[PDB]
Amino acid sequence: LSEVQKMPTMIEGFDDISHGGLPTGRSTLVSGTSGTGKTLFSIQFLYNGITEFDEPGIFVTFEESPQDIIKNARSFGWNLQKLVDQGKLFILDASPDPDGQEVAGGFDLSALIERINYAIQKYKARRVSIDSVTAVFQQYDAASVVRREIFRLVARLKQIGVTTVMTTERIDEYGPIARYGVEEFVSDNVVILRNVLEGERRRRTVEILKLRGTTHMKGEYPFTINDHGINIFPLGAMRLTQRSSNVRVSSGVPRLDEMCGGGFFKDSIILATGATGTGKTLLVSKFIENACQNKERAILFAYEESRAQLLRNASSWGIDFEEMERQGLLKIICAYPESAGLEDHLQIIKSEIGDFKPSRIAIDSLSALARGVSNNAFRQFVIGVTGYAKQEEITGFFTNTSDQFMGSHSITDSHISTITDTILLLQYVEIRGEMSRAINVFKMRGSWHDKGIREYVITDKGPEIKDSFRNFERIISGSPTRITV
Amino acid sequence: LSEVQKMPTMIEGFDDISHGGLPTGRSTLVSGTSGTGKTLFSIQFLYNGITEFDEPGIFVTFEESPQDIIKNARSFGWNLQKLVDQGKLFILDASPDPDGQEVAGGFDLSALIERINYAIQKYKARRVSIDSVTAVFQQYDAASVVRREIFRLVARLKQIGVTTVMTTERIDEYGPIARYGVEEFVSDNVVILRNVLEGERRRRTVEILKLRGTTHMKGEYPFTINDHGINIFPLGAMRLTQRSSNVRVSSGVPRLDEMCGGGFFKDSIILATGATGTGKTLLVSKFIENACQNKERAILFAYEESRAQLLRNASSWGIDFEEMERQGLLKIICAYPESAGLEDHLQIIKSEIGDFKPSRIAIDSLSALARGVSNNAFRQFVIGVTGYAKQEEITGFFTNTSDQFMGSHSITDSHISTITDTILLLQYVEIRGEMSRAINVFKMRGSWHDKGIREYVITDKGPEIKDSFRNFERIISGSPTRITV
Amino acid sequence: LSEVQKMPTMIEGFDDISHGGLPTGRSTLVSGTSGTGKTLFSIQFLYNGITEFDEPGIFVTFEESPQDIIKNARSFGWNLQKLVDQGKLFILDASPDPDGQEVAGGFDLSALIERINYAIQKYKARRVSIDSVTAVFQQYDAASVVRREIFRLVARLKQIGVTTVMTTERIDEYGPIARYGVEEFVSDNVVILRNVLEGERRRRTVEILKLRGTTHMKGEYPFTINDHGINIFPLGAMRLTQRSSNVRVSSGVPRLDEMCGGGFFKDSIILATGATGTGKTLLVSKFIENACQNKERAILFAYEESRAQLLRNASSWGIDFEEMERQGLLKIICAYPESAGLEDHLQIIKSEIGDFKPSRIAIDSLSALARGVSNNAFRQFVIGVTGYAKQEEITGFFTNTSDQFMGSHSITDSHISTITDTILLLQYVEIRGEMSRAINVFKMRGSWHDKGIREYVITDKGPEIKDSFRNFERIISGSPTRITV
Ligand SMILES: Nc1ncnc2c1ncn2[C@@H]1O[C@H](COP(=O)(O)OP(=O)(O)OP(=O)(O)O)[C@@H](O)[C@H]1O
Ligand SMILES: Nc1ncnc2c1ncn2[C@@H]1O[C@H](COP(=O)(O)OP(=O)(O)OP(=O)(O)O)[C@@H](O)[C@H]1O
Ligand SMILES: Nc1ncnc2c1ncn2[C@@H]1O[C@H](COP(=O)(O)OP(=O)(O)OP(=O)(O)O)[C@@H](O)[C@H]1O
Ligand SMILES: Nc1ncnc2c1ncn2[C@@H]1O[C@H](COP(=O)(O)OP(=O)(O)O)[C@@H](O)[C@H]1O
Ligand SMILES: Nc1ncnc2c1ncn2[C@@H]1O[C@H](COP(=O)(O)OP(=O)(O)O)[C@@H](O)[C@H]1O
Ligand SMILES: Nc1ncnc2c1ncn2[C@@H]1O[C@H](COP(=O)(O)OP(=O)(O)O)[C@@H](O)[C@H]1O
Ligand SMILES: [Mg+2]
Ligand SMILES: [Mg+2]
Ligand SMILES: [Mg+2]
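Chains as they are written, first to last, in the deposited numbering: chain A, 19 to 503; chain F, 19 to 503; chain B, 19 to 503.
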């Protein structure tokens with residue numbers, strides 16, 4: 019008599035991919051291999067319901083004992099025992115009793131359905147989570163029997179009018195959606211949780227395969243499990259709207275600011291690319307030093323150099339990062355790119371930005387984060403970081419180490435130049451057998467910028483941008499040819 | 019006694035691939051994994067029949083309850099309850115009753131066939147849709163029994179003379195066409211719906227494998243599910259006929275118009291390619307500004323820069339996009355390439371063009387749309403966009419960011435240059451250690467165009483195209499060599 | 019009533035990936051193919067418990083006889099017989115007796131559980147290891163029966179309150195986690211041991227798939243089995259904190275030290291890259307000679323040249339490595355890269371550093387170690403070596419043979435330049451048909467360094483760094499062009 023209403027799950031990123039949550043009064047199928055977060059998803063569904071909408075929830079477990087479920091939920095800061103004592107949550111223990119011997123007859127799904135209905139009526143439950151129906155159906159080896167029993171369960175829960183989340187099982191990550199293969203077709207809604215193993219690394223993704231009668235974002239979306247539960251990131255949080263401003267921000271190098279027409283833009287992304295030793299880290303350090311000298315908070319996400327090495331280099335360049343950190347203006351987060359996946363790094367960056375509320379951020383060596391990851395996943399990560407930084411009106415400074423040290427015919431082999439607003443090209447220039455460096459403002463959207471490929475030297479005082487090689491040809495090749503007069 | 023007549027389905031793009039629709043008086047097999055749109059296809063078949071030809075339809079469901087089918091159809095704006103009340107549609111509920119216990123004997127297909135025949139005679143039905151015969155046949159584990167029962171059903175429905183759509187099931191996207199493997203050979207017509215997972219993205223494709231006694235377009239064809247149902251796009255809508263005209267349209271840069279022999283052609287595709295920062299977005303902005311200054315509607319499909327960043331850059335270039343939007347002359351659609359698949363982007367572009375009726379369109383950075391997609395799918399998308407724009411007599415301006423910033427030996431690594439009519443090559447030119455830019459009209463079909471590689475500078479007033487580097491060699495390499503006199 | 023406490027295993031690297039060990043009072047599933055170290059892991063778990071925390075352990079074996087288990091443990095220096103005699107360890111022999119005939123009834127898991135409970139009560143056991151439950155469950159061909167029995171066992175061991183390690187079985191390295199496929203879902207914790215075969219080489223990795231109610235590091239982590247048991251290396255031991263100092267260390271070439279602004283840094287990584295014959299080994303030899311002349315211990319990890327060939331070349335260069343070794347100041351470890359995997363090489367390097375306590379280390383030809391290994395695994399190895407060296411305040415000198423001998427447009431095709439602090443670029447320079455060499459300090463973090471591409475010749479006295487090619491262009495190409503005056 020009406021359209022397909024949805025019930026928000028309040029799981030970060032799930033409601034966005036599901037376009038409003040799970041459909042109301044229907045059964046949703048959550049399928050995934052071991053460790054994919056099925057139990058976590060089901061528990062978070064009820065917990066969020068109870069906490070945000072005061073909707074009593076029912077949890078049906080067939081393997082994990084209720085005590086173990088409550089003990090598990092605490093790792094996320096969830097006190098399920100408090101909810102149980104308040105009558106808001108009820109954990110229906112349907113696990114086989116050890117004292118109960120094997121039964122040769124078809125397991126009584128009718129008794130379980132009656133118990134669930136009684137619990138729903140008693141606690142006025144609006145949400146139901148069913149843990150590992152596959153444990154129930156393994157006694158039902160036949161696939162037809164399994165489909166019939168799932169159909170009975172879904173139809174009964176539908177007649178009761180409760181929103182249900184059923185966790186099922188799969189052997190392969192990209193094989194059958196569920197074990198028997200009849201689970202994904204009896205359910206109205208199918209959610210797939212994967213733990214893809216790529217490059218000796220586990221990537222967790224969530225996919226909404228079908229929402230009968232409703233639109234949803236298609237494909238796999240990476241998600242992480244942290245102290246707050248499941249955190250899904252829908253493809254860079256789409257576009258949104260961030261009103262870019264003309265406000266200028268200094269780069270810490272006055273000559274570079276002149277080269278940029280008055281410094282960088284506050285709501286812009288700066289990309290300093292070049293070969294190793296070109297001074298990208300020096301520009302990042304001067305950027306952070308300028309940020310903090312103006313009593314503005316900043317963060318330095320490093321991924322190649324340790325904290326102490328950064329400190330030593332900054333001190334050698336006349337920058338006291340220790341005093342900056344003591345003043346509470348600078349927070350240096352360094353970490354090896356491998357230590358965690360790109361989604362984990364994005365979550366850490368978001369959390370640090372939220373806790374510190376910085377005005378500027380400097381990520382060192384995006385190339386380091388691109389190690390051993392597919393170009394598509396890397397691009398998704400950069401989209402996420404850039405969008406999040408622009409949304410908070412945060413000035414971003416990113417560095418990318420070019421793989422070729424001279425003759426580099428591309429700005430970035432990952433092709434992130436299309437996403438950045440300002441591009442600083444740093445390169446070596448062979449001059450009289452000496453390896454001079456050159457800095458050029460390759461790109462600046464919305465601002466005039468010096469086209470000069472200007473020489474600069476690195477001293478104890480920082481970078482000193484000199485004149486341009488106005489008597490040389492093919493500087494870009496790294497090996498220019500000098501012309502008389 | 020006659021040839022093989024076909025019954026139109028009126029599903030956008032299906033009748034084209036099927037060369038007139040589904041054959042009349044025969045059973046069509048619609049096979050696909052979970053969430054492929056089998057139920058949607060079957061429902062749309064009957065709904066389109068009833069609404070466009072007043073042909074009563076019969077829907078046979080074995081899992082989804084009739085109430086749920088009616089509730090599902092509303093997401094597409096279809097009021098199936100109205101049709102049921104009018105006697106034009108009948109939903110035959112054949113789902114197993116929960117109160118009915120298991121039956122050890124072969125399920126009575128004869129009773130179902132008799133019920134379907136009675137319904138067809140009562141409602142004078144010309145169309146029939148059968149939902150998940152696989153649910154029926156899972157009780158028939160044996161494949162031979164399944165083939166026999168499908169043969170009986172198809173033969174009976176054929177004797178009745180109704181056009182039937184049967185939805186069947188598969189475990190793998192590219193595995194067996196159906197579960198048992200006997201379904202695709204008893205049916206006269208086989209349609210395969212796939213939800214291929216590639217690059218963490220779901221691509222939906224429809225394939226007509228065989229139409230016994232009729233020709234059909236071969237292979238997979240992408241299709242999307244939106245608020246209007248299934249929308250199939252047959253390989254760029256073939257050729258068609260768009261009478262190109264000699265009418266000229268200004269580019270917003272008078273010197274560029276002179277370089278093009280009087281501006282671009284109205285019914286032509288313009289491709290501005292170059293490295294990052296070369297000013298492709300500037301040319302797009304001037305193009306849109308010229309379009310709107312002449313009181314002509316235009317659309318800007320951006321995929322790298324946000325709306326506000328485009329606004330800021332345009333204002334910095336003396337272009338007021340806000341006033342343009344207020345006047346109803348400009349509509350700016352920006353969106354990340356990942357947010358949706360290429361078919362979805364094509365559908366969005368088509369819908370926006372239809373709703374706005376623009377005279378010009380400007381897509382920013384086709385390269386952004388090529389991220390993480392196969393070259394073939396990208397090429398298909400460009401063919402679609404170019405053909406649709408040319409059909410509506412719309413002038414298209416596309417930008418492609420070259421992956422190499424100097425020495426680019428190709429116009430486009432995706433090789434779309436063969437599809438575009440006008441090509442504007444933008445490149446950096448190293449001159450006296452300064453990174454000057456160069457604009458050249460690489461290509462212009464049906465018009466004389468300046469061969470000069472002309473220098474241009476970007477100011478607050480826009481691009482100023484200066485003279486050509488007439489005293490330099492190897493400009494194209496990016497690092498030219500100057501010659502005296 | 020409390021959070022999820024964990025029990026340390028004291029297995030090197032396991033507690034780090036598991037974030038504190040195995041959860042207390044729960045069953046952990048250790049699955050892996052033949053030879054993956056399941057039995058070794060289970061035995062080490064109990065042995066470490068007993069030896070470090072005085073926690074009595076119970077070992078349940080179904081195939082390996084207790085005598086054979088004790089005999090096996092001695093290869094790691096573990097005297098399990100001493101623990102058994104002390105009552106700290108009990109090996110419960112549950113293997114089928116040869117005199118016991120086949121049983122058609124379901125094997126009595128209840129009797130085994132009662133025996134285990136009796137043993138736990140008698141020895142006050144806190145840890146339990148179960149060897150090859152799969153041998154038990156093969157008589158239970160049915161997967162449902164297997165899941166039920168595993169559930170009974172886990173629930174009973176949980177009620178007893180002991181931490182349990184259960185070793186299960188798999189046929190494929192990346193196939194089902196366990197044989198039946200029900201083992202990984204009844205267990206609260208799943209650990210996967212793999213012996214991946216890549217390039218005719220076996221790579222052993224450990225993965226913690228899920229720790230219910232606790233966070234853990236995700237993905238595969240390489241581990242080796244040596245005379246001390248399982249040794250896991252969690253992704254380079256994360257970041258840690260190594261306070262870099264400004265202390266300078268001589269390179270053995272005074273002119274090179276001048277080029278580096280006073281020599282290399284003590285807590286830094288030096289990378290000498292160049293074509294074959296450029297003199298990387300000469301720089302390594304002079305580095306070691308300077309290390310030992312100052313009465314400082316050093317190690318030379320070679321991977322291309324034999325010990326005697328290194329001796330001969332050093333003597334030809336006026337360096338007496340034999341006297342250095344006799345004095346106990348130099349230890350030369352040479353070995354073919356293939357002889358062992360990257361994890362094995364890392365373990366050997368760590369062990370040698372620990373036994374010798376060197377002040378400097380010189381690894382010859384990282385490129386040799388990159389032969390036939392994925393770039394990701396190689397990068398992980400370099401991260402490990404660099405981090406370990408920096409942690410011990412050890413100066414590292416690494417050499418990388420460039421694959422291209424002239425025109426090399428990159429420092430390292432493996433792109434390790436981002437990880438190194440000092441980069442010495444060695445290259446050939448064609449001059450008047452003579453193949454002169456050139457040395458340039460490409461990079462030096464935290465120090466001024468000469469930008470000059472200086473010629474050097476190799477004599478019996480070592481390298482003699484001459485002036486720079488100040489009258490030549492395109493030296494970097496290898497084929498420079500001379501200019502008059
Ligand atoms: N506080 C936490 N922070 C981060 N990750 C956590 C946290 N608690 C649990 N996890 C992770 O979440 C996963 C838990 O999965 P969950 O129990 O929800 O279901 P599942 O793995 O889909 O199915 P199964 O019931 O077979 O375990 C584990 O792999 C664990 O690593
Ligand atoms: N209004 C809509 N707009 C866009 N997509 C929709 C809309 N309504 C439904 N969908 C999508 O269409 C799909 C519905 O598939 P459908 O029910 O027709 O059959 P099927 O997936 O082939 O088979 P099954 O019966 O197993 O679900 C879902 O995956 C859903 O995402
Ligand atoms: N002292 C040692 N040093 C190095 N490697 C060792 C040592 N002792 C044993 N190994 C290795 O450890 C492995 C022993 O594996 P383990 O017996 O622990 O269990 P598993 O291989 O997982 O299972 P299974 O019970 O089927 O053998 C062997 O492959 C052997 O090469
Ligand atoms: N005190 C100094 N004087 C002059 N140059 C220095 C000094 N300290 C460091 N440098 C230079 O700084 C360079 C490092 O720059 P950095 O920003 O770390 O490069 P990257 O592009 O890899 O981030 C060194 O290669 C060296 O040339
Ligand atoms: N006010 C201005 N004056 C001169 N140049 C400008 C001005 N604003 C922007 N630019 C130039 O515009 C360039 C951006 O051009 P754009 O069309 O966005 O490049 P793309 O080819 O990436 O689309 C900047 O790199 C800068 O050189
Ligand atoms: N006594 C010598 N006099 C001059 N040159 C020598 C002498 N002994 C060896 N060389 C030079 O040393 C080079 C080897 O340098 P080495 O460090 O082994 O190169 P790599 O970069 O491969 O490690 C030889 O190619 C040769 O040019
Ligand atoms: Mg750096
Ligand atoms: Mg652009
Ligand atoms: Mg060598």
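Beta carbons: idealized from backbone N, C-alpha and C, even for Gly.
Quiz prompt | Straight-line Cα distance separating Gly254 (chain B) from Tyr446 (chain A) | solution = 32 Å
Quiz item: What residues in the region 416-431 of chain A have a beta carbon less than 8 Å from any beta carbon of chain F?
Solution: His427, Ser428 and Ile429
Quiz item: Does any heavy atom of ligand 3 sit closer than 7 Å to the C-beta of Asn244 (chain B)?
Solution: yes
Quiz item: Tell me, which residues are paired with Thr404 (chain F) by DSSP?
Solution: None, per the DSSP bridge assignment.
Quiz item: Cβ-heavy atom distance between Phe282 (chain B) and ligand 1 below 7 Å?
Solution: no
Quiz item: Would you say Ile306 (chain B) touches ligand 6, meaning its beta carbon is less than 7 Å from a heavy atom?
Solution: no
Self-check item: Cβ-Cβ distance between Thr291 (chain A) and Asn418 (chain A) below 8 Å
Solution: yes
Practice problem: Name the one or two DSSP bridge partners that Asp149 (chain B) has. | Solution: B:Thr79
Quiz prompt | Spatial distance of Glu201 (chain B) from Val164 (chain B) (CA atoms) | solution = 8 Å
Quiz item: Can you name the residues of chain A whose CB is closer than 7 Å to the CB of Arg330 (chain F)?
Solution: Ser262, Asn264 and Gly464
Exercise. Mind listing the chain A neighbours of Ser383 (chain F)? Cutoff is C-beta to C-beta under 8 Å, in chain order.
Key: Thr436
Quiz prompt | Cβ pair residue 5 (chain B), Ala380 (chain B) closer than 8 Å | solution = As displayed, chain B neither begins before 19 nor continues past 503, which places residue 5 (chain B) out of reach and without an answer.
Self-check item: Three-state secondary structure (DSSP) of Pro240 (chain B)
Solution: strand
Quiz item: Cβ of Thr291 (chain B) within 7 Å of any heavy atom in ligand 9?
Solution: no
Quiz item: Taking Cβ positions only, does residue 506 (chain B) come closer than 8 Å to chain A?
Solution: Examination of residue 506 (chain B) is not possible in this model, given that chain B is present from 19 through 503 alone.
Quiz prompt | Selection from B:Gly451, B:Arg219, B:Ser465 and B:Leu443 that minimises the alpha carbon distance to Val459 (chain B) | solution = B:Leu443
Quiz item: Should the region 34-44 of chain B be called in touch with the region 113-128 of chain B, which here means at least 3 C-beta pairs below 8 Å?
Solution: no
Quiz item: DSSP state of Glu322 (chain B), grouped into three classes?
Solution: coil
Exercise. Work out the CA separation of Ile195 (chain A) and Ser205 (chain A) for me, nearest whole Å.
Key: 12 Å
Self-check item: Contact list for the region 168-191 of chain A against chain B, Cβ threshold 7 Å
Solution: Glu187 and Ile189
Quiz item: So, helix, strand or coil for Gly67 (chain B), using DSSP?
Solution: helix
Quiz prompt | Option in B:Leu127, B:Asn207 and B:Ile148 with minimal Cα separation from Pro84 (chain B) | solution = B:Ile148
Practice problem: Would you be able to state if there are at least three C-beta pairs under 8 Å between the region 263-273 of chain A and the region 472-484 of chain A? | Solution: yes
Practice problem: Using a Cβ cut-off of 8 Å (strictly closer), state whether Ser357 (chain B) contacts chain A. | Solution: no
Exercise. Examine chain A for any beta-carbon lying closer than 8 Å to the beta-carbon of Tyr141 (chain F), and answer yes or no.
Key: no
Quiz item: In whole angstroms, what separates the C-alpha of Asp126 (chain B) from that of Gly124 (chain F)?
Solution: 39 Å
Practice problem: Note down, in chain order, every chain A residue with its Cβ under 7 Å from the Cβ of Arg500 (chain F). | Solution: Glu491 and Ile501
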